[PDB]
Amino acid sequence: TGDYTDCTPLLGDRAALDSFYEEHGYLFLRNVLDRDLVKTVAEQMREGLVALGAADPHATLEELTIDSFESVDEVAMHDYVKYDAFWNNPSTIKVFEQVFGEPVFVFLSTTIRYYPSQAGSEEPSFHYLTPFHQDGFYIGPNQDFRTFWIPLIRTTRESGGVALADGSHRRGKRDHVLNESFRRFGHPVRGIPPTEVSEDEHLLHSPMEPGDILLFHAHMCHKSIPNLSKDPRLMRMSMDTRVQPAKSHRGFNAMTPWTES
């Protein structure tokens, strides 16, 4: 469980950036998004949690917690968090265009995540997290989109985020099988057996700061890391969308907001 390689030095170099991405199936970029814009999104999520998660109205972002992710009306949270305005801000688009080397289309769907620490819990609720999977298994038909994952407040090794299997995107779609320990809508979801992820596809996770981006290939095998933070005990607050060349086919998920899919 190593660390992401910082790819920010490669942004000035089309060839070098693409070569890294091709080999590894991800890019980790530090301090490339407008931190004021990110903070505004974080504070929108915070206000949603005050209104819907019974979060402390006087807590700072890092003091924030909620009793239960599940007790929060996720549909209502989408009214609070103004992600489309963020993704489509010129400063954000510029970074996306640097990554792709061409004009882009940002998905109309974004997933917002507000996961409290469950350090010390004997029966923790982590069924709302994700098993090993590839976004391309459930998004298509085109497979040239990339997932863009951003922290809204900082993450730590203990507070979690997403773990990536380095270079796991080079053998196409992998088998996803029912996993009863991960659920959406009472339905179990499908994941890649952890045994079917090679020891050679080294698992990576680094702490990230608001302003940072993690992005990865449609066939990158990745999974949630649970929040077991204690000192500091932090929420993990993040959001993820998908982005693709403006010219590429725009599928169902690309055109359909989260609340309707």
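From 1 onward, residues are counted along the sequence shown.
Participant: Mean C-alpha B-factor higher for 120-128, or for 145-153?
Facilitator: Looking at the recorded C-alpha B-factors, 120-128 comes out higher on average.
Participant: Quick check: 186-194 versus 88-96, which has the larger average CA B-factor in the record?
Facilitator: Higher mean C-alpha B-factor in the PDB entry: 186-194.
Participant: Based on the PDB record, which member of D79, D166, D135, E158 exhibits the highest Cα temperature factor?
Facilitator: Answer, based on the entry's C-alpha B-factors: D79.
Participant: Select one of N227, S68, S224, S206: the residue whose C-alpha shows the highest B-factor in the crystal structure entry.
Facilitator: Of the candidates given, the C-alpha B-factor peaks at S68.
Participant: Would you mind checking where the Cα B-factor of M237 ranks among the modelled residues of its chain, as the lowest, middle or highest third?
Facilitator: It falls in the middle third of the chain.
Participant: Lowest, middle or highest third: where is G12 by Cα B-factor in its chain?
Facilitator: It belongs to the highest third of the chain when residues are ordered by C-alpha B-factor.
Participant: Please rank the C-alpha B-factors of the chain's modelled residues and tell me whether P210 sits in the lowest, middle or highest third.
Facilitator: Within its chain, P210 is a middle-third residue by C-alpha B-factor, going by the deposited values.
Participant: Going by the entry, which third of its chain does the Cα temperature factor of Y21 land in?
Facilitator: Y21: CA B-factor falls in the lowest third of its chain.
Participant: Which third, lowest, middle or highest, does the CA B-factor of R113 fall in along this chain?
Facilitator: It belongs to the lowest third of the chain when residues are ordered by C-alpha B-factor.
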